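query13.cif (mmCIF, C-alpha atoms and all ligand atoms)
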```cif
data_protein
#
loop_
_atom_site.label_atom_id
_atom_site.label_comp_id
_atom_site.auth_asym_id
_atom_site.auth_seq_id
_atom_site.Cartn_x
_atom_site.Cartn_y
_atom_site.Cartn_z
CA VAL A 10 7.89 15.08 28.49
CA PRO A 11 4.13 15.54 28.10
CA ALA A 12 2.02 14.39 31.04
CA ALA A 13 0.05 12.21 28.61
CA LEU A 14 3.15 10.05 28.10
CA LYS A 15 3.63 9.70 31.87
CA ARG A 16 -0.05 8.87 32.38
CA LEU A 17 -0.06 6.38 29.49
CA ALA A 18 2.94 4.54 30.98
CA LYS A 19 1.36 4.58 34.46
CA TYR A 20 -1.99 3.30 33.13
CA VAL A 21 -0.59 0.44 31.04
CA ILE A 22 1.88 -0.66 33.74
CA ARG A 23 -0.78 -0.58 36.48
CA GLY A 24 -3.36 -2.14 34.17
CA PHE A 25 -1.37 -5.21 33.08
CA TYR A 26 1.58 -5.41 35.49
CA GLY A 27 2.23 -5.70 39.20
CA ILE A 28 2.76 -2.76 41.53
CA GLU A 29 6.46 -3.66 41.51
CA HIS A 30 6.58 -2.78 37.81
CA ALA A 31 4.53 0.38 38.37
CA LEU A 32 6.66 1.51 41.33
CA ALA A 33 9.85 0.80 39.38
CA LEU A 34 8.46 2.62 36.33
CA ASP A 35 7.19 5.50 38.49
CA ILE A 36 10.80 6.14 39.51
CA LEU A 37 11.84 6.28 35.85
CA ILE A 38 8.78 8.47 35.24
CA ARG A 39 9.48 10.83 38.14
CA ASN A 40 13.14 11.04 37.05
CA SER A 41 14.00 10.33 33.41
CA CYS A 42 17.10 8.34 34.39
CA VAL A 43 18.00 6.67 37.69
CA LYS A 44 20.80 4.30 38.67
CA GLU A 45 19.98 0.65 39.23
CA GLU A 46 21.65 0.83 42.65
CA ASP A 47 19.51 3.87 43.49
CA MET A 48 16.30 2.18 42.32
CA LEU A 49 17.41 -0.86 44.32
CA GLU A 50 17.87 1.20 47.49
CA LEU A 51 14.70 3.23 46.84
CA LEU A 52 12.51 0.18 46.17
CA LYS A 53 14.48 -1.91 48.72
CA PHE A 54 14.01 -4.87 46.36
CA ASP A 55 16.54 -7.65 46.09
CA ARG A 56 18.93 -7.76 43.13
CA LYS A 57 17.13 -10.62 41.37
CA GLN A 58 13.78 -9.15 42.42
CA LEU A 59 14.50 -5.80 40.74
CA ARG A 60 16.58 -7.26 37.89
CA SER A 61 13.76 -9.61 36.85
CA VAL A 62 11.36 -6.65 36.86
CA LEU A 63 13.86 -4.60 34.85
CA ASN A 64 14.30 -7.54 32.47
CA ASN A 65 10.55 -7.48 31.86
CA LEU A 66 10.67 -3.73 31.22
CA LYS A 67 13.61 -4.56 28.93
CA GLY A 68 11.67 -7.39 27.29
CA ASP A 69 8.92 -5.00 26.24
CA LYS A 70 11.67 -2.36 25.79
CA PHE A 71 9.70 0.12 27.89
CA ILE A 72 13.02 1.12 29.48
CA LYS A 73 16.56 1.59 28.18
CA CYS A 74 19.88 1.23 29.99
CA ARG A 75 23.33 2.75 29.60
CA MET A 76 26.51 2.08 31.57
CA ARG A 77 28.58 4.90 33.09
CA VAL A 78 32.08 4.44 34.52
CA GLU A 79 34.06 6.57 36.98
CA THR A 80 36.80 6.20 39.59
CA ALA A 81 35.94 6.10 43.29
CA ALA A 82 37.62 8.16 46.02
CA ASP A 83 39.92 5.22 46.83
CA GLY A 84 40.93 4.72 43.19
CA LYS A 85 38.87 1.61 42.42
CA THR A 86 36.94 1.46 39.16
CA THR A 87 33.16 1.89 39.34
CA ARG A 88 30.56 0.92 36.73
CA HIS A 89 26.99 2.11 37.33
CA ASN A 90 23.97 1.04 35.29
CA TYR A 91 21.75 3.98 34.34
CA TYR A 92 18.20 3.06 33.34
CA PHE A 93 15.78 5.35 31.51
CA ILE A 94 12.27 5.16 30.04
CA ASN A 95 11.94 5.13 26.24
CA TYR A 96 8.48 6.56 25.45
CA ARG A 97 9.14 6.07 21.71
CA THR A 98 9.65 2.31 21.94
CA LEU A 99 7.01 2.11 24.69
CA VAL A 100 4.29 3.69 22.51
CA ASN A 101 5.40 1.56 19.54
CA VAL A 102 5.37 -1.69 21.54
CA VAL A 103 2.04 -0.96 23.25
CA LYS A 104 0.50 -0.17 19.86
CA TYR A 105 1.81 -3.52 18.61
CA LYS A 106 0.66 -5.25 21.80
CA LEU A 107 -2.87 -3.83 21.39
CA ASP A 108 -2.88 -4.54 17.64
CA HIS A 109 -1.98 -8.14 18.47
CA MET A 110 -4.92 -8.29 20.89
CA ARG A 111 -7.11 -6.95 18.08
CA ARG A 112 -5.90 -9.75 15.81
CA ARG A 113 -6.48 -12.27 18.61
CA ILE A 114 -9.92 -10.77 19.34
CA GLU A 115 -10.71 -10.87 15.62
CA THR A 116 -9.58 -14.51 15.66
CA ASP A 117 -11.78 -15.18 18.70
CA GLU A 118 -14.69 -13.44 16.96
CA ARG A 119 -14.14 -15.48 13.79
CA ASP A 120 -14.00 -18.59 15.99
CA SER A 121 -17.30 -17.58 17.63
CA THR A 122 -18.71 -17.54 14.08
CA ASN A 123 -17.16 -20.92 13.11
CA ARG A 124 -17.98 -22.89 16.31
CA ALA A 125 -19.72 -26.22 15.70
CA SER A 126 -23.45 -26.47 16.48
CA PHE A 127 -24.36 -30.17 16.64
CA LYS A 128 -22.95 -32.25 19.48
CA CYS A 129 -22.79 -35.81 20.92
CA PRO A 130 -23.35 -36.32 24.68
CA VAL A 131 -21.38 -39.61 24.79
CA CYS A 132 -18.01 -38.53 23.37
CA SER A 133 -18.57 -34.81 24.12
CA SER A 134 -17.78 -33.92 20.51
CA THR A 135 -19.36 -30.95 18.78
CA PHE A 136 -20.08 -31.17 15.05
CA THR A 137 -20.53 -28.36 12.56
CA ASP A 138 -23.88 -27.99 10.77
CA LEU A 139 -22.10 -29.00 7.53
CA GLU A 140 -22.07 -32.57 8.89
CA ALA A 141 -25.86 -32.47 9.52
CA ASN A 142 -26.58 -34.58 6.43
CA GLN A 143 -23.93 -37.08 7.60
CA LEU A 144 -25.17 -37.07 11.22
CA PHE A 145 -28.87 -37.38 10.39
CA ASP A 146 -29.86 -41.05 10.04
CA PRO A 147 -33.14 -41.59 8.16
CA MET A 148 -33.46 -45.05 9.71
CA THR A 149 -33.72 -43.25 13.05
CA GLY A 150 -35.13 -39.95 11.80
CA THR A 151 -32.65 -37.99 13.89
CA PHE A 152 -29.02 -36.95 14.27
CA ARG A 153 -26.57 -39.52 15.63
CA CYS A 154 -22.85 -39.86 16.28
CA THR A 155 -20.85 -42.27 14.12
CA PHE A 156 -18.34 -42.99 16.90
CA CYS A 157 -20.94 -43.41 19.65
CA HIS A 158 -23.94 -44.65 17.60
CA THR A 159 -25.91 -42.33 19.87
CA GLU A 160 -28.15 -39.27 19.54
CA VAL A 161 -26.57 -35.95 18.56
CA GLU A 162 -28.01 -32.68 19.90
CA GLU A 163 -28.16 -29.26 18.21
CA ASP A 164 -30.24 -26.76 20.25
CA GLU A 165 -27.42 -26.15 22.78
CA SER A 166 -25.46 -24.32 20.02
CA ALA A 167 -26.93 -20.97 21.15
CA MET A 168 -24.94 -21.01 24.42
CA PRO A 169 -21.38 -20.70 22.95
CA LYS A 170 -22.45 -17.97 20.49
CA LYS A 171 -24.00 -15.75 23.19
CA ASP A 172 -21.41 -16.42 25.93
CA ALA A 173 -18.27 -15.66 23.88
CA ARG A 174 -19.63 -12.26 22.76
CA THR A 175 -19.97 -11.16 26.42
CA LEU A 176 -16.25 -11.66 27.19
CA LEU A 177 -14.90 -10.33 23.88
CA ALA A 178 -17.12 -7.21 23.79
CA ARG A 179 -16.10 -5.95 27.25
CA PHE A 180 -12.43 -5.85 26.15
CA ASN A 181 -13.02 -2.76 23.98
CA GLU A 182 -15.17 -1.11 26.67
CA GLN A 183 -12.45 -1.25 29.36
CA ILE A 184 -9.46 -0.39 27.12
CA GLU A 185 -10.99 3.08 26.39
CA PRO A 186 -8.55 4.97 28.70
CA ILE A 187 -5.52 3.58 26.87
CA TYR A 188 -7.11 4.27 23.48
CA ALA A 189 -7.85 7.85 24.54
CA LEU A 190 -4.32 8.26 25.91
CA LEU A 191 -2.99 6.87 22.62
CA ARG A 192 -5.15 9.23 20.55
CA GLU A 193 -3.77 12.04 22.74
CA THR A 194 -0.17 10.83 22.19
CA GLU A 195 -0.19 9.91 18.48
CA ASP A 196 1.88 13.05 17.82
CA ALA A 274 52.28 50.11 13.77
CA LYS A 275 54.11 48.18 11.03
CA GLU A 276 55.86 51.33 9.80
CA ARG A 277 58.58 51.11 7.17
CA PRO A 278 62.18 50.78 8.40
CA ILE A 279 64.68 53.62 8.06
CA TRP A 280 66.52 51.91 5.19
CA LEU A 281 63.24 52.00 3.23
CA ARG A 282 62.26 55.49 4.43
CA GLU A 283 65.32 57.40 3.20
CA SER A 284 68.20 57.27 0.74
CA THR A 285 71.05 55.21 2.17
CA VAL A 286 73.50 56.59 -0.41
CA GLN A 287 75.78 59.30 0.98
CA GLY A 288 74.41 62.33 -0.86
CA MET B 1 -12.07 7.74 10.86
CA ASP B 2 -12.68 10.40 13.53
CA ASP B 3 -15.67 8.66 15.13
CA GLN B 4 -15.15 5.88 17.65
CA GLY B 5 -16.89 3.25 15.55
CA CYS B 6 -19.30 0.39 16.04
CA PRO B 7 -20.74 0.02 19.60
CA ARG B 8 -18.66 -3.18 19.77
CA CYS B 9 -15.57 -2.80 17.55
CA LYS B 10 -14.58 0.86 17.98
CA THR B 11 -10.84 0.45 17.47
CA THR B 12 -9.82 -0.01 13.82
CA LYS B 13 -11.71 3.16 12.84
CA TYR B 14 -9.00 5.25 14.52
CA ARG B 15 -6.23 3.42 12.65
CA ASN B 16 -7.15 4.16 9.05
CA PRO B 17 -9.77 5.81 6.81
CA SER B 18 -9.68 2.85 4.40
CA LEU B 19 -12.14 0.93 6.56
CA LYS B 20 -15.69 2.20 6.02
CA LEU B 21 -18.86 1.82 8.04
CA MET B 22 -21.83 -0.10 6.67
CA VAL B 23 -25.43 1.13 6.72
CA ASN B 24 -28.50 -1.08 7.07
CA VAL B 25 -32.27 -0.66 7.07
CA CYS B 26 -32.05 -0.58 10.88
CA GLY B 27 -29.83 2.51 10.67
CA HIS B 28 -27.07 0.88 12.70
CA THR B 29 -23.32 1.14 12.17
CA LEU B 30 -21.87 -2.27 11.39
CA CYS B 31 -18.68 -3.81 10.02
CA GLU B 32 -17.08 -7.21 9.38
CA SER B 33 -15.96 -7.75 12.99
CA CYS B 34 -19.59 -7.35 14.10
CA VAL B 35 -21.24 -8.57 10.88
CA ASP B 36 -19.61 -12.01 11.13
CA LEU B 37 -21.41 -12.55 14.45
CA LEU B 38 -24.76 -11.48 12.94
CA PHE B 39 -24.54 -14.38 10.45
CA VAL B 40 -23.79 -17.09 13.02
CA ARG B 41 -26.99 -16.32 14.94
CA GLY B 42 -30.27 -14.93 13.64
CA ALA B 43 -28.67 -14.53 10.19
CA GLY B 44 -29.45 -10.85 9.69
CA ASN B 45 -30.62 -9.43 13.03
CA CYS B 46 -29.51 -6.09 14.45
CA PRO B 47 -27.40 -6.68 17.59
CA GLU B 48 -29.00 -4.08 19.87
CA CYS B 49 -32.26 -3.45 17.98
CA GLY B 50 -32.93 -7.08 17.04
CA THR B 51 -34.67 -5.97 13.84
CA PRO B 52 -34.28 -8.64 11.14
CA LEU B 53 -32.71 -7.97 7.75
CA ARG B 54 -34.18 -9.64 4.67
CA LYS B 55 -30.67 -10.10 3.22
CA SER B 56 -27.22 -8.79 4.09
CA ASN B 57 -28.55 -5.28 3.33
CA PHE B 58 -25.08 -3.82 3.89
CA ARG B 59 -23.95 -0.72 2.01
CA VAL B 60 -20.75 1.30 2.21
CA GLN B 61 -21.17 4.75 3.75
CA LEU B 62 -18.78 7.36 5.12
CA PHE B 63 -21.16 9.48 7.20
CA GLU B 64 -20.89 9.54 10.98
CA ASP B 65 -24.51 10.71 11.32
CA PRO B 66 -26.81 7.64 11.21
CA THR B 67 -29.80 9.96 10.71
CA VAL B 68 -28.30 11.25 7.46
CA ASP B 69 -27.63 7.65 6.44
CA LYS B 70 -31.30 6.78 6.98
CA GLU B 71 -32.48 10.09 5.49
CA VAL B 72 -30.35 9.57 2.38
CA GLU B 73 -31.55 5.98 2.01
CA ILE B 74 -35.14 7.17 2.53
CA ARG B 75 -34.58 10.19 0.23
CA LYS B 76 -33.26 7.94 -2.56
CA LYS B 77 -36.38 5.77 -2.27
CA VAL B 78 -38.92 8.61 -1.96
CA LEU B 79 -37.40 10.42 -4.97
CA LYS B 80 -39.12 7.71 -7.07
CA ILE B 81 -42.46 9.33 -6.10
CA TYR B 82 -43.86 12.88 -6.17
CA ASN B 83 -40.89 13.87 -8.36
CA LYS B 84 -42.99 15.26 -11.24
CA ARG B 85 -41.40 18.32 -12.86
CA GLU B 86 -42.36 21.98 -12.56
CA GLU B 87 -44.20 22.21 -15.89
CA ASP B 88 -46.87 20.06 -14.24
CA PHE B 89 -47.80 22.95 -11.94
CA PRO B 90 -48.90 26.45 -12.96
CA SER B 91 -48.83 27.90 -9.43
CA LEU B 92 -45.63 28.75 -7.55
CA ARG B 93 -46.93 27.08 -4.37
CA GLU B 94 -47.27 23.71 -6.12
CA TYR B 95 -43.56 23.62 -7.03
CA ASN B 96 -42.75 23.19 -3.32
CA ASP B 97 -46.14 22.16 -1.87
CA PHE B 98 -45.69 18.41 -2.38
CA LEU B 99 -42.03 18.84 -1.41
CA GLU B 100 -43.26 19.84 2.06
CA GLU B 101 -45.13 16.59 2.71
CA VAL B 102 -42.38 14.66 0.91
CA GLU B 103 -39.78 16.16 3.23
CA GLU B 104 -42.11 15.51 6.17
CA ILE B 105 -42.45 11.87 5.07
CA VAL B 106 -38.69 11.49 4.55
CA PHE B 107 -37.93 13.16 7.89
CA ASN B 108 -40.73 11.45 9.83
CA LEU B 109 -39.78 8.05 8.37
CA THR B 110 -36.41 8.42 10.10
CA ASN B 111 -38.23 8.06 13.44
CA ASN B 112 -41.90 7.14 12.99
CA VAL B 113 -43.37 3.96 11.55
CA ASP B 114 -43.96 3.76 7.79
CA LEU B 115 -47.54 2.49 8.16
CA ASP B 116 -49.25 5.71 7.08
CA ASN B 117 -46.28 6.63 4.86
CA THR B 118 -46.45 3.37 2.89
CA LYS B 119 -50.25 3.65 2.67
CA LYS B 120 -50.03 7.20 1.29
CA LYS B 121 -47.14 6.22 -1.00
CA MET B 122 -49.16 3.24 -2.26
CA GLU B 123 -52.34 5.31 -2.62
CA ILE B 124 -50.39 7.82 -4.73
CA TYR B 125 -48.36 5.15 -6.55
CA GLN B 126 -51.61 3.68 -7.88
CA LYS B 127 -52.12 7.07 -9.59
CA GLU B 128 -48.56 8.24 -10.34
CA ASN B 129 -47.31 4.95 -11.83
CA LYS B 130 -49.62 5.45 -14.83
CA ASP B 131 -48.04 8.51 -16.48
CA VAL B 132 -46.11 11.00 -14.32
CA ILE B 133 -43.70 8.43 -12.88
CA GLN B 134 -43.12 7.05 -16.38
CA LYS B 135 -42.46 10.57 -17.72
CA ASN B 136 -40.45 11.80 -14.72
CA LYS B 137 -38.24 8.69 -14.83
CA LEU B 138 -37.08 9.76 -18.30
CA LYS B 139 -36.64 13.42 -17.32
CA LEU B 140 -34.93 12.50 -14.03
CA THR B 141 -32.46 10.13 -15.70
CA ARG B 142 -31.88 12.68 -18.48
CA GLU B 143 -31.27 15.57 -16.07
CA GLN B 144 -29.14 13.24 -13.92
CA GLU B 145 -26.95 12.57 -16.96
CA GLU B 146 -26.83 16.33 -17.56
CA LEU B 147 -25.70 16.77 -13.95
CA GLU B 148 -22.99 14.15 -14.52
CA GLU B 149 -21.90 15.81 -17.78
ZN ZN A 301 -20.18 -39.34 20.00
ZN ZN A 302 -31.55 0.55 14.32
ZN ZN A 303 -21.70 -4.00 16.43
#
```
As structure tokens, how would this structure be written, given the file I've shared?
Amino acid sequence: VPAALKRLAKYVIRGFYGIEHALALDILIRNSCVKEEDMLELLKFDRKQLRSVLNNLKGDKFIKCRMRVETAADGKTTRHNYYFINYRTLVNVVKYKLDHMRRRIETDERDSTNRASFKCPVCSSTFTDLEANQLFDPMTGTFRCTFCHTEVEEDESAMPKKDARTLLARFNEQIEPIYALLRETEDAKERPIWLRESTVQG
Amino acid sequence: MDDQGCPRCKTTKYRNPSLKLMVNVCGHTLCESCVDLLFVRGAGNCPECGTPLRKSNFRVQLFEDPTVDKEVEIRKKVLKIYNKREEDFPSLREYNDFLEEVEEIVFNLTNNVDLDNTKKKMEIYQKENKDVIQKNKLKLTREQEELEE
């Protein structure tokens, strides 16, 4: 197991999940497979506390589980749950997860491009510049709202365009460690007497 | 493909080589994810440099070096001038003499202002547009077709 896989798992779990998930995953990182009862005793978590965490790691399929059965010293049946990290599904799911963020970020960027510019202070409704000919009233010489029969403003449209870019842009700047980690992880038996001599008396 | 990408959207470039970077007069790497924002405000202004663009002025390019992008764009423009053929000069120095200043102009234009460059280009255009540019256009297009063939 390359250290890059271990580091990738540690970075993503610590980056987007609680320390409980990281500590639980660290055990599966330190040892490829560990029993649920062992992880329970090591973490000292409650059953539902650990199981819910494990269910999350199961939800994103970062970990896999197999059941092993054996007979105890007294003869009673025993069934232990062995959990293990699946770097293959982990890297696949994180790539999907990040590709989904990219689609969401692209959607947020496209929204930042489509956001309405004109707006009404009465109903707090923002109108796209396409409506400008409908909003502008020549009797008044200015933009007005049909629902509020009141002035419609436009100059405030710079604020949403600038502000959204600040939040969206920083996403790519901070994800750089995961992207780098991803780029780094894309890869005797003699004849008898009767056959030896003449048995005829002569 | 190997480069990180646009100063903002440096993520799809690693995924596939089908997506290509776009060059602009500002010599800035841009693409749809960033370009869509440039139309909602300013309508053709470089994000970091602020320089305005007369139109979209976007062209497909697959060079990671923005200096080469500019230099090629500049080269392609400057080749319309000073490109008179060798028979025009009897002396060996002349064959590459103007090429020196031309290469200086092309190179310097990648960093310095085009004020003196455009003035010199215009001052020579007033003379070269009469005959040599008319003649070299034919010879250049002819030899270009010979290079294609
Ligand atoms: Zn209104
Ligand atoms: Zn620039
Ligand atoms: Zn950009």
- Message: Distance limit 12 Å, atoms considered: all atoms listed in the file. Which chain A residues sit that close to chain B? Return them as an MDAnalysis selection string.
- Response: chainID A and resid 104 107:108 110:126 137:138 166:171 173:185 187:189 191:193 195
Okay, now the selection with C-alpha atoms, as a compact mmCIF listing (two decimals), in the frame of the given file?
```
# COMPACT_ATOMS: atom_id res chain seq x y z
CA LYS A 104 0.50 -0.17 19.86
CA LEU A 107 -2.87 -3.83 21.39
CA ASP A 108 -2.88 -4.54 17.64
CA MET A 110 -4.92 -8.29 20.89
CA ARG A 111 -7.11 -6.95 18.08
CA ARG A 112 -5.90 -9.75 15.81
CA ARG A 113 -6.48 -12.27 18.61
CA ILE A 114 -9.92 -10.77 19.34
CA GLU A 115 -10.71 -10.87 15.62
CA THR A 116 -9.58 -14.51 15.66
CA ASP A 117 -11.78 -15.18 18.70
CA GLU A 118 -14.69 -13.44 16.96
CA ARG A 119 -14.14 -15.48 13.79
CA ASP A 120 -14.00 -18.59 15.99
CA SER A 121 -17.30 -17.58 17.63
CA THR A 122 -18.71 -17.54 14.08
CA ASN A 123 -17.16 -20.92 13.11
CA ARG A 124 -17.98 -22.89 16.31
CA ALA A 125 -19.72 -26.22 15.70
CA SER A 126 -23.45 -26.47 16.48
CA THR A 137 -20.53 -28.36 12.56
CA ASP A 138 -23.88 -27.99 10.77
CA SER A 166 -25.46 -24.32 20.02
CA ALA A 167 -26.93 -20.97 21.15
CA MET A 168 -24.94 -21.01 24.42
CA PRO A 169 -21.38 -20.70 22.95
CA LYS A 170 -22.45 -17.97 20.49
CA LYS A 171 -24.00 -15.75 23.19
CA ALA A 173 -18.27 -15.66 23.88
CA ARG A 174 -19.63 -12.26 22.76
CA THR A 175 -19.97 -11.16 26.42
CA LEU A 176 -16.25 -11.66 27.19
CA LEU A 177 -14.90 -10.33 23.88
CA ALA A 178 -17.12 -7.21 23.79
CA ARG A 179 -16.10 -5.95 27.25
CA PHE A 180 -12.43 -5.85 26.15
CA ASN A 181 -13.02 -2.76 23.98
CA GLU A 182 -15.17 -1.11 26.67
CA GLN A 183 -12.45 -1.25 29.36
CA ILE A 184 -9.46 -0.39 27.12
CA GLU A 185 -10.99 3.08 26.39
CA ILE A 187 -5.52 3.58 26.87
CA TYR A 188 -7.11 4.27 23.48
CA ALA A 189 -7.85 7.85 24.54
CA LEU A 191 -2.99 6.87 22.62
CA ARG A 192 -5.15 9.23 20.55
CA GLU A 193 -3.77 12.04 22.74
CA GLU A 195 -0.19 9.91 18.48
```
- Item | Shell around segment 138-140 of chain B at 9 Å using only C-alpha atoms, local window under 3 positions removed, as a list in words | residues 83, 84, 85, 133, 134, 135, 143, 144 and 145 of chain B
Per residue of chain B within 7 Å of ligand ZN 302 (chain A), what are the shortest atom pair and its distance in Å to one decimal, counting only C-alpha atoms and all ligand atoms, with rows by chain and residue number, as JSON lines?
```
{"residue": "B:26", "atom": "CA", "partner": "A:ZN302", "partner_atom": "ZN", "distance": 3.7}
{"residue": "B:27", "atom": "CA", "partner": "A:ZN302", "partner_atom": "ZN", "distance": 4.5}
{"residue": "B:28", "atom": "CA", "partner": "A:ZN302", "partner_atom": "ZN", "distance": 4.8}
{"residue": "B:46", "atom": "CA", "partner": "A:ZN302", "partner_atom": "ZN", "distance": 6.9}
{"residue": "B:49", "atom": "CA", "partner": "A:ZN302", "partner_atom": "ZN", "distance": 5.5}
```
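Remark: for ligand ZN 301 (chain A), the closest of the candidate residues A:145, A:278, A:136, A:284 is A:136 (distances computed over all atoms listed in the file).
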- Counting only C-alpha atoms and all ligand atoms, which protein, DNA or RNA residues come within 9 Å of ligand ZN 301 (chain A), given as a PyMOL selection string? chain A and resi 128-135+153-161
- Residue among B:79, B:115, B:31, B:23 lying closest to ligand ZN 303 (chain A), counting all atoms listed in the file: B:31
With 3 Å of padding per side, what axis-aligned box (centre and edge lengths, Å, one decimal) covers all the listed atoms of segment 161-178 of chain A? Give it as lines of an AutoDock Vina configuration file.
```
center_x = -22.6
center_y = -21.6
center_z = 22.7
size_x = 21.3
size_y = 34.7
size_z = 15.0
```
- Nearest to residue 123 of chain B, restricted to only C-alpha atoms and choosing among B:81, B:72, B:92, B:147, comes out as B:81
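What separates atom CA of residue 2 of chain B from atom CA of residue 76 of chain B is a distance of 26.2 Å.
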- Item | Point-to-point distance from atom CA of residue 127 of chain A to atom CA of residue 141 of chain A, Å rounded to tenths |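 These two atoms are separated by 7.6 Å.
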- Could you check how far atom CA of residue 62 of chain B sits from atom CA of residue 107 of chain B, in Å to one decimal?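 Computed distance, atom CA of residue 62 of chain B to atom CA of residue 107 of chain B, equals 20.2 Å.
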Starting from the structure just given, write a file holding segment 168-183 of chain A with N, CA, C and O atoms, as an mmCIF file, in the first residue's frame.
```
data_model
loop_
_atom_site.group_PDB
_atom_site.id
_atom_site.type_symbol
_atom_site.label_atom_id
_atom_site.label_comp_id
_atom_site.auth_asym_id
_atom_site.auth_seq_id
_atom_site.Cartn_x
_atom_site.Cartn_y
_atom_site.Cartn_z
ATOM 1 N N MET A 168 -22.701 43.844 -7.141
ATOM 2 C CA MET A 168 -22.435 43.111 -5.903
ATOM 3 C C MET A 168 -22.537 41.591 -6.035
ATOM 4 O O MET A 168 -21.578 40.900 -5.650
ATOM 5 N N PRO A 169 -23.629 41.005 -6.542
ATOM 6 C CA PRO A 169 -23.679 39.534 -6.653
ATOM 7 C C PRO A 169 -22.643 38.934 -7.593
ATOM 8 O O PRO A 169 -22.159 37.825 -7.338
ATOM 9 N N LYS A 170 -22.292 39.629 -8.673
ATOM 10 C CA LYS A 170 -21.284 39.136 -9.610
ATOM 11 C C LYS A 170 -19.907 39.019 -8.956
ATOM 12 O O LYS A 170 -19.245 37.979 -9.050
ATOM 13 N N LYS A 171 -19.465 40.083 -8.288
ATOM 14 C CA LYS A 171 -18.183 40.097 -7.584
ATOM 15 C C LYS A 171 -18.143 39.120 -6.408
ATOM 16 O O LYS A 171 -17.205 38.323 -6.285
ATOM 17 N N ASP A 172 -19.147 39.173 -5.533
ATOM 18 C CA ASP A 172 -19.168 38.361 -4.313
ATOM 19 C C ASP A 172 -19.094 36.858 -4.592
ATOM 20 O O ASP A 172 -18.270 36.153 -3.998
ATOM 21 N N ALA A 173 -19.954 36.346 -5.473
ATOM 22 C CA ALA A 173 -19.961 34.912 -5.776
ATOM 23 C C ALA A 173 -18.598 34.393 -6.238
ATOM 24 O O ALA A 173 -18.175 33.307 -5.823
ATOM 25 N N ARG A 174 -17.906 35.134 -7.105
ATOM 26 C CA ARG A 174 -16.583 34.716 -7.573
ATOM 27 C C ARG A 174 -15.600 34.465 -6.428
ATOM 28 O O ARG A 174 -14.786 33.537 -6.497
ATOM 29 N N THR A 175 -15.664 35.273 -5.369
ATOM 30 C CA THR A 175 -14.754 35.120 -4.230
ATOM 31 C C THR A 175 -14.889 33.759 -3.545
ATOM 32 O O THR A 175 -13.883 33.115 -3.228
ATOM 33 N N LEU A 176 -16.119 33.307 -3.313
ATOM 34 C CA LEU A 176 -16.358 32.016 -2.670
ATOM 35 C C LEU A 176 -16.005 30.848 -3.587
ATOM 36 O O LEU A 176 -15.309 29.911 -3.178
ATOM 37 N N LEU A 177 -16.481 30.891 -4.827
ATOM 38 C CA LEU A 177 -16.244 29.815 -5.787
ATOM 39 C C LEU A 177 -14.764 29.644 -6.132
ATOM 40 O O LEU A 177 -14.271 28.513 -6.211
ATOM 41 N N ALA A 178 -14.039 30.745 -6.346
ATOM 42 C CA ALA A 178 -12.628 30.655 -6.727
ATOM 43 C C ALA A 178 -11.773 29.967 -5.664
ATOM 44 O O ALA A 178 -10.931 29.123 -5.993
ATOM 45 N N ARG A 179 -11.964 30.311 -4.389
ATOM 46 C CA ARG A 179 -11.157 29.728 -3.317
ATOM 47 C C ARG A 179 -11.291 28.210 -3.205
ATOM 48 O O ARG A 179 -10.390 27.563 -2.662
ATOM 49 N N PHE A 180 -12.386 27.631 -3.699
ATOM 50 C CA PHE A 180 -12.560 26.179 -3.658
ATOM 51 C C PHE A 180 -11.427 25.437 -4.365
ATOM 52 O O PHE A 180 -10.898 24.450 -3.840
ATOM 53 N N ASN A 181 -11.039 25.892 -5.556
ATOM 54 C CA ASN A 181 -9.946 25.247 -6.283
ATOM 55 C C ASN A 181 -8.591 25.486 -5.627
ATOM 56 O O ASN A 181 -7.702 24.632 -5.713
ATOM 57 N N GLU A 182 -8.418 26.632 -4.973
ATOM 58 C CA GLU A 182 -7.156 26.963 -4.318
ATOM 59 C C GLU A 182 -6.864 26.049 -3.129
ATOM 60 O O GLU A 182 -5.724 25.611 -2.942
ATOM 61 N N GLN A 183 -7.879 25.749 -2.321
ATOM 62 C CA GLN A 183 -7.712 24.905 -1.139
ATOM 63 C C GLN A 183 -7.695 23.409 -1.443
ATOM 64 O O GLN A 183 -7.100 22.643 -0.679
#
```
